[PDB]
Amino acid sequence: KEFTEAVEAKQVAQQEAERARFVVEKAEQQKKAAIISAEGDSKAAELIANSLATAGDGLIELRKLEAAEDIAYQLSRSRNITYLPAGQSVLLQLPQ
Amino acid sequence: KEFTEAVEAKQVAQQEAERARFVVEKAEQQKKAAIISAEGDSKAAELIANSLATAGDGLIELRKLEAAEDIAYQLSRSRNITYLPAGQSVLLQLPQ
Amino acid sequence: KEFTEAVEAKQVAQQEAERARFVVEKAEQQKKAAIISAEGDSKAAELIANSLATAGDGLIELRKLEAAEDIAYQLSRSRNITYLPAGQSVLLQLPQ
Amino acid sequence: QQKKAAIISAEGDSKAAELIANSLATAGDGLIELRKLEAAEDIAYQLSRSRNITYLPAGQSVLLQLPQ
Amino acid sequence: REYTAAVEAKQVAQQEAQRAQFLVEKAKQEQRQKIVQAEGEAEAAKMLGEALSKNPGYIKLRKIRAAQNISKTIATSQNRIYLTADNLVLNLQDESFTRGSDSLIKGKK
Amino acid sequence: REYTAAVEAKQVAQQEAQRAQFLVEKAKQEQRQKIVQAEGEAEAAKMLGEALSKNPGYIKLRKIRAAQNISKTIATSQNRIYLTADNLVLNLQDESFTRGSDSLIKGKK
Amino acid sequence: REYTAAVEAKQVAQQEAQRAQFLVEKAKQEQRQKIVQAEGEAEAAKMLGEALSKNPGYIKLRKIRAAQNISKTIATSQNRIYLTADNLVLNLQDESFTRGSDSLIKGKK
Amino acid sequence: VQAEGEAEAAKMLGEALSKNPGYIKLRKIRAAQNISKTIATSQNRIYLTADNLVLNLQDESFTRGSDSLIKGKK
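- As stated in the entry header, the method of structure determination is cryo-EM and the reported resolution is 22 Å.

A short note on the overall build of chain E
Phase 1 of the analysis: Of regular secondary structure, chain E possesses four helices and one strand.
Phase 2 of the analysis: Going from the N terminus to the C terminus, chain E shows its helices and strands as α-α-β-α-α.
Phase 3 of the analysis: Here the C-alpha atoms of chain E give a radius of gyration of 27 Å, more than 25% beyond the 13 Å that 2.2 N^0.38 yields for 109 residues.
Phase 4 of the analysis: Projected onto its principal axes, the C-alpha positions of chain E cover 85 × 35 × 20 Å.

Examining the packing of helix 1 (residues 2-55) of chain C against helix 2 (residues 57-70) of chain E
Phase 1 of the analysis: The geometry of helix 1 of chain C relative to helix 2 of chain E is characterised by a closest axis approach of 7 Å and an angle of 115° between their N-to-C directions. Handedness of the crossing formed by helix 1 of chain C with helix 2 of chain E: right-handed. In contact with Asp41, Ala45, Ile48, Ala49 and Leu52 of chain C of helix 1 of chain C, helix 2 of chain E contributes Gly57, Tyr58, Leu61, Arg62 and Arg65 of chain E.
Phase 2 of the analysis: Taken together, the residues of the contact of helix 1 of chain C with helix 2 of chain E sort by class into six nonpolar, one polar and three charged.

Topic: the relation of the copies chain E and chain G
Phase 1 of the analysis: Taken as rigid bodies, chain E and chain G are interconverted by a rotation of 31° and an axial shift of 0.8 Å, the fit giving an RMSD of 0.8 Å.
Phase 2 of the analysis: Little of the interface of chain E is mirrored in chain G, where only 14% of its interface residues are also at the interface.

Quick notes on unusual backbone geometry
Phase 1 of the analysis: A positive phi angle, close to 30°, is found at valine 89 of chain E, a residue other than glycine.
Phase 2 of the analysis: Residue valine 89 of chain E is classed as buried on the basis of its relative accessible area of 0%.
Phase 3 of the analysis: One non-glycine residue, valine 54 of chain H, adopts positive backbone phi at about 75°.
Phase 4 of the analysis: Turning to its location among the elements, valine 54 of chain H is positioned in the loop between helix 2 (22-38) and helix 3 (60-63).
Phase 5 of the analysis: Looking at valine 54 of chain H, the relative accessible area reads 41%, which means it is partly exposed.

Observations regarding the interface of chain G and chain B
One widely used convention gives an interface's size as the accessible area the parts lose upon coming together.
Phase 1 of the analysis: Listed per partner, the contact involves 52 residues of chain G and 60 residues of chain B.
Phase 2 of the analysis: When chain G packs against chain B, the two sides together hide about 5,200 Å² of surface, and 66% of this comes from carbon and sulfur.
Phase 3 of the analysis: Connecting chain G to chain B are five salt bridges.
Phase 4 of the analysis: As a salt-bridge pair, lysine 26 of chain G and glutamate 16 of chain B come within 3.7 Å of each other at their nearest N and O atoms.
Phase 5 of the analysis: One can count 13 residue pairs in polar contact joining chain G with chain B.
Phase 6 of the analysis: Going through the elements one at a time, helix 1 (2-52) and helix 2 (57-74) of chain G are the ones with two or more residues in the side of chain G that touches chain B.
Phase 7 of the analysis: Residues of the side of chain G that touches chain B, tallied by class, amount to 20 nonpolar, 17 polar and 15 charged.

A word on the pattern of salt bridges
Phase 1 of the analysis: Applying the stated criterion across every chain yields a total of 44 salt bridges over all chains.
Phase 2 of the analysis: When the shortest N-O distance is used, the salt bridge between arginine 63 of chain A and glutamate 66 of chain A registers 2.8 Å.
Phase 3 of the analysis: Since its relative accessible area comes to 30%, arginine 63 of chain A is described here as partly exposed.
Phase 4 of the analysis: Across the salt bridge formed by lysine 46 of chain E and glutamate 43 of chain E, the nearest N and O atoms sit 3.9 Å from each other. You can see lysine 46 of chain E and its partner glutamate 43 of chain E sitting in helix 1 (residues 2-52), three residues apart, about one turn around the helix.
Phase 5 of the analysis: Judged by relative accessible area, which is 40%, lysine 46 of chain E ranks as partly exposed.

Brief notes about the interface of chain E and chain G
Phase 1 of the analysis: Across the contact, 28 residues belong to chain E and 18 residues belong to chain G.
Phase 2 of the analysis: The three residues of chain E that bury the most area against chain G are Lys63, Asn87 and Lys109 of chain E, which together make up 29% of that side's buried surface.
Phase 3 of the analysis: Residues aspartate 102 of chain G and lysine 60 of chain E are paired through a salt bridge, measuring 3.0 Å at the closest nitrogen-oxygen approach.
Phase 4 of the analysis: Of all the elements in the fold, those that place two or more residues in the side of chain E that touches chain G are helix 1, helix 2, helix 3 (85-88) and helix 4 (97-100) of chain E.
Phase 5 of the analysis: With seven residues, helix 2 of chain E is the largest single contributor of residues to the side of chain E that touches chain G.
Phase 6 of the analysis: Its residues placed into classes, the side of chain E that touches chain G shows 13 nonpolar, seven polar and eight charged.

Things to note about the arrangement of the chains
Phase 1 of the analysis: Most contacts, among the 14 pairs of chains that meet, fall between chains B and G.
Phase 2 of the analysis: One finds no contact between chain A and chain E; the C-alpha atoms of the two approach each other to within 13 Å at their closest.
Phase 3 of the analysis: The two units chain B and chain F never meet; even their closest C-alpha atoms stay 13 Å apart.

Remarks on the environment of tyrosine 23 of chain H
Residues and elements named next belong to chain H.
Phase 1 of the analysis: Along the chain, the position of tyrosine 23 falls in helix 2.
Phase 2 of the analysis: The partly exposed category is assigned to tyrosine 23, whose relative accessible area is 40%.
Phase 3 of the analysis: Between the alpha carbons of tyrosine 23 and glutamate 4 there is a distance of 23 Å; along the sequence they are 19 residues apart.
Phase 4 of the analysis: Residues within four places of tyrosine 23 in sequence aside, it is in contact with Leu17 and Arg30.
Phase 5 of the analysis: A polar atom in the side chain of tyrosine 23 sits 2.9 Å from the side chain of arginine 30.

Focus: the side chain of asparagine 80 of chain B
Phase 1 of the analysis: Topologically, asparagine 80 of chain B is positioned in the loop between helix 3 (69-74) and strand 1 (82-83).
Phase 2 of the analysis: On the basis of relative accessibility, which here comes to 4%, the residue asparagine 80 of chain B falls in the buried class.
Phase 3 of the analysis: Side-chain polar atoms of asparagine 80 of chain B contact the side chain of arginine 80 of chain E, separated by 3.0 Å.

Observations concerning the packing of helix 1 (residues 2-54) of chain B against helix 1 of chain E
Phase 1 of the analysis: Viewed as axis vectors pointing N to C, helix 1 of chain B and helix 1 of chain E meet at an angle of 5°, and their least axial separation amounts to 7 Å. Put simply, helix 1 of chain B runs roughly parallel to helix 1 of chain E.
Phase 2 of the analysis: Across the contact of helix 1 of chain B with helix 1 of chain E, the residue classes tally to 23 nonpolar, 11 polar and 16 charged.

Re the environment of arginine 65 of chain E
Phase 1 of the analysis: Tracing the backbone shows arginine 65 of chain E in helix 2.
Phase 2 of the analysis: A residue is classified by how much of its surface remains accessible, and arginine 65 of chain E, at 8% relative accessible area, is buried.
Phase 3 of the analysis: Filtering out sequence-adjacent residues up to four positions away, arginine 65 of chain E remains in contact with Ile48 and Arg63 of chain C, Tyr58 and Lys72 of chain E together with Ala38 and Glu41 of chain F.
Phase 4 of the analysis: Here the side chain of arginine 65 of chain E touches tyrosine 58 of chain E through a polar contact of 3.2 Å, side chain to side chain.

Some points on helix 2 (residues 57-74) of chain F
Phase 1 of the analysis: An ideal rise of 1.5 Å per residue puts 26 Å on 18 residues; helix 2 of chain F measures up with 25 Å between its terminal C-alpha atoms.
Phase 2 of the analysis: Turning to helix 2 of chain F, the residues buried within the fold contact helix 2 (58-62) and helix 3 (69-74) of chain C, helix 3 and helix 4 of chain E together with helix 1 (2-52) of chain F.

Details of helix 1 of chain B
Phase 1 of the analysis: With 53 residues, helix 1 of chain B extends just 65 Å between its outermost C-alpha atoms, more than 12% less than the 78 Å of an ideal straight helix rising 1.5 Å per residue.
Phase 2 of the analysis: Of all the bends in helix 1 of chain B, the largest measures some 45° and sits at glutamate 39 of chain B.

Cut-off values and rules
- Residues numbered from 1 in each chain as written, not as in the entry; some residues may be left out.
- Chains lettered and ligands numbered in written order.
- Part of a larger assembly, values for the part shown.
- Heavy atoms only, no water.
- Helix = DSSP H or I, 4+ residues; strand = E, 2+ residues; numbered from the N terminus.
- Rg over C-alpha atoms; globule rule 2.2 N^0.38 Å.
- Axes fitted to C-alpha atoms, helices over the stretch in contact; angles between N-to-C directions.
- Left-handed = near helix turned anticlockwise from the far one by under 90°.
- Contact = heavy atoms within 4.5 Å.
- Nonpolar A, V, L, I, M, F, W, Y, C, P; charged D, E, K, R; others polar.
- Least-squares fit on C-alpha atoms.
- Buried < 20%, exposed > 50% of the residue type's maximum accessible area, 1.4 Å probe, protein only.
- Buried area = accessible area lost by both parts, 1.4 Å probe.
- Salt bridge = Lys/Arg side-chain N within 4 Å of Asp/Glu carboxyl O.
- Polar contact = N/O pair within 3.5 Å; in protein donor to acceptor, adjacent residues only side chain to side chain.
- Parallel < 35°, antiparallel > 145°, perpendicular 65-115°, else oblique.
- Expected span 1.5 Å × (residues − 1).
- Bend = angle between axes of the 7 residues up to and from the residue.

Here it is as structure tokens:
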């Protein structure tokens, strides 16, 4: 079974070598595309860092806090979440 | 199948690219508008920050007392939430 | 579907923008009302503050004792309420 | 043949590292996080198919009564 | 599917950029409205700050009455909890019994 | 729907701003009503301070009686609050018996 | 399977790499779109930074009011939580009571 | 003869893998290829430590659990 399969893998692997040439021509372009969608996210982010540096931790905090409304909107679809004070000898346990 | 799919993706990409350039312009308008709803919130927040900086922490603590009533109002629409001391060697456990 | 919806949104938004200039006026009035009601509460509160500041912490503690009866009255309409001494090293471990 | 080819498949994936590794060691977990979130979408479709995923506290003498 | 959709999106996005500056205006009016809502909250904030930040007389008594409005609401509160024992000072026969509330002598409180 | 609603709401908003000044009056009245709820509270406050800031005597005694009343309605309270070992001293034989019962000493209280 | 698949992949990939530099363009427009959504967020952020970075007045009161908002949401929350009970400071007979809300005197908060 | 041979494979595999058992990590992986061939009939219940699989992804235990390798933590 591995003779015909080996010959097929031989030829198909050379074909995949050339296909690799141009799949990462395509992926020069696809690295750019994914880079750039993640860059939409991350340049919203560049200028968010800009906004919260030229201004401060105002909404670094309040899209923790206004967005902590979202913390509670999102956590509770689950049923074991916690948040437990520091400044103690917490031996934090977990539920069952 | 990827042939027709990718060609259709090319044409869709052209239309979406021009579309999205003007979506970015419309989003300059909409970023102003969303900054403006977040201004509802955040500018209530500017005036609150000014109010509390000028007048101390009155309702910093009294939304921590008056609206801390919310804590009892809400914490327990599930059955495993709690509020618990520190300033000790507290070695916290949390339940099943 | 977004063309007619956008036109109706623009028209409804102009109606609501003028109505909302008058609703910011209504909001100044309704804030006179809400300020003065929350201050029914809180001006009762400030006269309590004056009473306890001039007279001392008398009913600071004694509504911290009379209303501390509320603790024993009202803690365990649930089933897991309790406390833990301070100035100490408690091994806090909440119930299950 | 895989002297050449494995050293090379590394060259590829390895220096994918090299580059992201400069990215992180220089400034930190920036696309670790952002593609935690591209992950959120696709990868955490996969990882929400997976059932239990907790977190842990920090800043305390922490312990754990782990699941039975 | 996405070709004509994107073209119509560009045209309706011209219309909606006009209507998005119009959203600047309308949501500015709802911004003043929401400002005013959270600013009735903020006027509670001001009022209480000026009243009780100089010295928390009723903010003391509201620690009190709002721990008791919290525990007039602890009925919903299935919440397991822990206050502190020297809070309710159920230390009736104790040295620190009225260390808790001979703090009525201001300075301990 | 929101267009007719908005216009009718603007006219109703003029008449309701008139009625909102009326509401300011009515809410000054509710102001007085809650002023007075917590101002009966505050009559208790003013006098309890004048009679206890001297030395918290009924506040000593009302930590005791609020511990007693807190116990008293802990009876109906399922609460798994507790107390612990050694103050109401029921180490009935102990020095701590003369440090919970002789804790009644002033200075220790 | 993989032979014709790879040949069609290479041809479709020539035209798709044209389409994918074109994706650099398309995803760049999507890049700016996501940029401007989270920029509504971001300039809300700049404005809130001028709101709060100066002094955490509403950062304090919003630690607390987001506490209460997050809490109105924690209705749905199962999340098993804690306080430090000296946070509401319900210390209903205690000296640490008026350390929690003598933090009203700015400096301890 | 047998013990010298087997335990000498142990000898020098030991020096090579006790300067680092890093080949033993790549061998977790490769012997795990073999083990995916064979152990399929199994029920192992092996809990281990947190910081391999991704999402401990920015706290200390995993900044030294995977992100450790940043020159300065290793």
